[PDB]
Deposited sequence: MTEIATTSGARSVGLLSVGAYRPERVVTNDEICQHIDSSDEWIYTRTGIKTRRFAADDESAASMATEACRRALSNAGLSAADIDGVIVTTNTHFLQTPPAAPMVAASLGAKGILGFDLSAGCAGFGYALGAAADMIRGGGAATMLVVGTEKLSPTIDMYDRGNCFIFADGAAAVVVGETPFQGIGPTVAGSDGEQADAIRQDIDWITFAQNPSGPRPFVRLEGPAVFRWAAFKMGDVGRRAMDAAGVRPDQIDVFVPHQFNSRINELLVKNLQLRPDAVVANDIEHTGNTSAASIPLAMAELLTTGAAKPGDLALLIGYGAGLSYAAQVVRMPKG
């Protein structure tokens, strides 16, 4: 007997984006006591959001999902699955996805957590699109969520002003025309230490009164890697999608650093009038949540329009990257 195969939608796209940004604004001056100029010129950040003590990666993911569902004209009963992508869910288990599903009033739906630094969103988008086309699901939530503030060593003058909190979710479903291109992804596992938790939780657990773990970043190494490698990645994603650089309306790189992204814009040879995501300005670097948060900001302000041709490039920890061409959601 032959094992049967399911089939799903051919054309898949981003139906909606929904964003949750924590209430507390932390300015450059507040976090660093000419600090405002210093931080802004190096990173592009003016302010960022910090989540409250009672908030978590999962709780922000839930709020983002509620908003994404609303923008898609859907309820939780329309969703067949949810992928949470995060690096700041602070339990080995349970995973965030089932908790999020439950809070949404759809406790039974499939889901898992996906971790790949701030390439997680691209990987999760690709996985959702592949699952829907394979018939494993019809409509899915993909939410990038991050609570980075508790992981920051406020004495680490190399990164303390970089990381921030927030969540944003997209609805992926069948569309009239193809809305999501092939995923272009890869790694550099040899540079795994470039962005890291410096002390693993178990070594820490054997001596909790000694130094605790914090996020560490080898800035120059990441700058060099991102600025010199992601251009070729962007071109691969566009080639796979069958589009030219000059057909790109919107560029949404991961909001790691403005200077990096300015160099990527140049390398990718986009139109003079191409819209470039700059959400980092009042959001900072929110890792897995960055791209969908950046997408929401562009749509919220009317800088981008739904249906606009967008190039997304996620780069960051593990040294991991994931990129794809999409049409902008509602």
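Residues of the deposited sequence missing from the coordinate set occupy positions 1, 35-37, 335.
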